[PDB]
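Notes follow once the structure below has been shown.
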Amino acid sequence: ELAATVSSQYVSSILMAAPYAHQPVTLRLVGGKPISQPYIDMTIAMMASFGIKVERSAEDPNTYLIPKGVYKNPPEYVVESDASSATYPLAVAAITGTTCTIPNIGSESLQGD
Numbered sequence: 569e570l571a572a573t574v575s576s577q578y579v580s581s582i583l584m585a586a587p588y589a590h591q592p593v594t595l596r597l598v599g600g601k602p603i604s605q606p607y608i609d610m611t612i613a614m615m616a617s618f619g620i621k622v623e624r625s626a627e628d629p630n631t632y633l634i635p636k637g638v639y640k641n642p643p644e645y646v647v648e649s650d651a652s653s654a655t656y657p658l659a660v661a662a663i664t665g666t667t668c669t670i671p672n673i674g675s676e677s678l679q680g681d
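Under UniProt numbering, the letters of the sequence shown match residues 569 to 681, in that order.
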């Protein structure tokens, strides 16, 4: 268990190394909607891309049910461009009435920005 008001770096580092624990991990977050929720979602979806599906509990959304295994490495993994930095060239296209494409940020993007 952890505090809901935990730093995003701590909770996500545990998540990455949870599958390599001696037995299945159950990560609980005490409190409300945690401050690190977008980074939790990011880490889980990435873990999913590496062949390990973390599941939300029925009881509450702030307990995550983590498996025990080894990451299935994909042949190719594309890292998204910084979504904040991405706003500037998109804004240029918006303000000038021209077009601009960002070929790695899509609708399934992990970033809030």
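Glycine residues also receive a C-beta, built at the ideal position from the N, C-alpha and C atoms.
Residues near residue i by beta carbon distance below 7 angstroms, same chain, minus five either side
i    : result
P592 : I634, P635, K636
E569 : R596, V598
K640 : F618, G619
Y607 : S576, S580
Inter-residue Cα distance where the pair is residue i and residue j
i           : j    : result
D628        : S581 : 22 angstroms
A661        : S625 : 43 angstroms
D681        : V622 : 24 angstroms
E676        : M614 : 11 angstroms
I670        : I663 : 16 angstroms
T631        : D650 : 29 angstroms
residue 704 : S652 : There is simply no residue 704 to check, as the chain begins at 569 and stops at 681 in what is shown.
Beta-carbon spacing of residue i, residue j below 9 angstroms
i    : j    : result
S617 : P587 : no
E648 : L678 : yes
Close-in-space but distant-in-sequence residues of the same chain around residue i (CB under 8 angstroms, 5 per side omitted)
i    : result
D609 : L678
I673 : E648, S649, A651, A654, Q679
Original post:
Taking contact to mean at least 3 C-beta pairs separated by less than 8 angstroms, is the segment 656 to 664 in contact with the segment 635 to 645?
Top reply: no
**OP:** Would you check if the segment 574 to 581 and the segment 598 to 608 touch, i.e. whether three or more CB-CB distances between them fall below 8 angstroms?
**Re:** yes
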